[PDB]
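*Asks:* Pasting a structure here, questions to come.
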Amino acid sequence: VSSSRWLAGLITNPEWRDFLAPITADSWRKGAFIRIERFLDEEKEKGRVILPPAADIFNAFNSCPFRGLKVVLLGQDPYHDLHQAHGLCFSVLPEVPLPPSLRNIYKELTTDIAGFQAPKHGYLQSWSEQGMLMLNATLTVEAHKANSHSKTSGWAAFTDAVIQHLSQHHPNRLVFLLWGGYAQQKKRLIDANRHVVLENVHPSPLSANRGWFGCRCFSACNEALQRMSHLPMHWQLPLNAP
Ligand SMILES: O=c1[nH]cc(Br)c(=O)[nH]1
Ligand SMILES: [Br-]
């Protein structure tokens, strides 16, 4: 059981707490998890505003049913404006404008998934609730400063460890969606014999017209799930956000 003051305790779902215990353990990388906490404490002591709020840092785990896990989607680091990120890759709180990448994800869903209707909001929590782990590599960011915790925080080693541990030890066969070169680097952590890895170009505008549009990753994900006897994702999102 982690000796951390507060960070491990933010993992509130018991199944995930137990599953992740060998990573949050003090022994993992000889105190690495504690060092992530200490980093976040020091940034706060410096007066830095760190996002998302503590209670959302591990929302990808807390909101995703452990035994129902079937899809893993990787992101880079959280959105960095106030009151925007909430602990799931690509998702934003309601009443926030859609970021460009998310607009493009909605565009592709609209052409790929027959009958999909994009909402005006960007809140993706209903996907997580179905069994889709929406994991950023880096789980915090300083306000307004993209990538600010990527090299300094230690999170990437943690989330790399999570990916490997899921690959090796999750009870279910899983579909990993790897969008862009950063995410695709994680393929080497994943047993592509047991699990299914679907790689595509990233949806941000810089790349989107070079292979994102038309890639049909959402239908491909569902075909993969169906072949593995999983319940497919229900991609339609509530048109009113909670
Ligand atoms: O949370 C996230 N939002 C947007 C991007 Br792009 C990302 O990598 N992660
Ligand atoms: Br974006």
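*Asks:* Checking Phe39 against (1) in a loop (DSSP other than H, G, I, E, B); (2) surrounded by 15 or more Cβ atoms within 10 Å (Cβ to Cβ); (3) of a type outside the set (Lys, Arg), which single condition isn't satisfied?
*Replies:* Every listed condition holds for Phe39 apart from (1).
*Asks:* Continuing with this model, one more query. Would you mind stating whether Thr110 is of a type in the set (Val, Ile, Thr) and part of a helix (DSSP H, G or I)?
*Replies:* Judged against the criteria, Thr110 is a match.
*Asks:* When you look at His86, is it over 30 Å from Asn172 (Cα atoms), assigned to a loop (DSSP other than H, G, I, E, B) and either within 16 Å of ligand 2 (Cβ to nearest atom) or among the aromatic types (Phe, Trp, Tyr) (or both), yes or no?
*Replies:* It is false that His86 is over 30 Å from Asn172 (Cα atoms), assigned to a loop (DSSP other than H, G, I, E, B) and either within 16 Å of ligand 2 (Cβ to nearest atom) or among the aromatic types (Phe, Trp, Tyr) (or both).
*Asks:* With the requirement that a residue be more than 9 Å from ligand 1 (Cβ to nearest atom) and within 23 Å of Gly180 (Cβ to Cβ), what does the stretch 59-79 give you?
*Replies:* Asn59, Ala60, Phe61, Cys64, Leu69, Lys70, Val71, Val72, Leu73
*Asks:* Another question, if that's okay. Please go through the stretch 165-176 and pick out each residue that is of a type outside the set (S, T, N, Q), surrounded by 17 or more Cβ atoms within 10 Å (Cβ to Cβ) and in contact with a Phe, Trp or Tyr (Cβ under 9 Å, 6 or more places away or on another chain).
*Replies:* The answer is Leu166, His170.
*Asks:* I'd like the full set of residues that are closer than 22 Å to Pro119 by Cα and touching a helix residue (DSSP H, G or I) at 6+ places or on another chain (Cβ under 7 Å), limited to the stretch 180-214.
*Replies:* Across the stretch 180-214, the qualifying residues are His202, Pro203, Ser204, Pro205, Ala208, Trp212, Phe213.
*Asks:* Taking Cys64 as the residue in question, decide whether it is within 16 Å of ligand 2 (Cβ to nearest atom), surrounded by 23 or more Cβ atoms within 10 Å (Cβ to Cβ), under 18 Å from the mean Cα position of the chain (by Cα) and closer than 24 Å to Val197 by Cβ.
*Replies:* In short, no.
*Asks:* When you go through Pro94, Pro100 one by one, which is the residue that is surrounded by fewer than 18 Cβ atoms within 10 Å (Cβ to Cβ) and within 16 Å of ligand 2 (Cβ to nearest atom)?
*Replies:* Among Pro94, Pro100, only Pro100 is surrounded by fewer than 18 Cβ atoms within 10 Å (Cβ to Cβ) and within 16 Å of ligand 2 (Cβ to nearest atom).
*Asks:* Where the second residue is part of a loop (DSSP other than H, G, I, E, B) and surrounded by 13 or more Cβ atoms within 10 Å (Cβ to Cβ) and the first is of a type in the set (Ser, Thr, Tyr) and lies in the stretch 1-13, which pairs have Cβ atoms under 7 Å and are six or more apart or on separate chains?
*Replies:* Close Cβ pairs (under 7 Å, with a partner that is part of a loop (DSSP other than H, G, I, E, B) and surrounded by 13 or more Cβ atoms within 10 Å (Cβ to Cβ)) amount to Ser2/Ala25; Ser2/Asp26; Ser3/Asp26.
*Asks:* Identify the residue in the stretch 126-152 that is surrounded by 22 or more Cβ atoms within 10 Å (Cβ to Cβ) and of a type in the set (S, T, N, Q) and, among all such residues, is farthest from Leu174 (Cα to Cα).
*Replies:* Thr140
Counting neighbours? That spans all protein chains shown, and the Cβs are built from the backbone with ideal geometry, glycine included. Just so you know, all these numbers are worked out from the coordinates, no wet-lab data involved.
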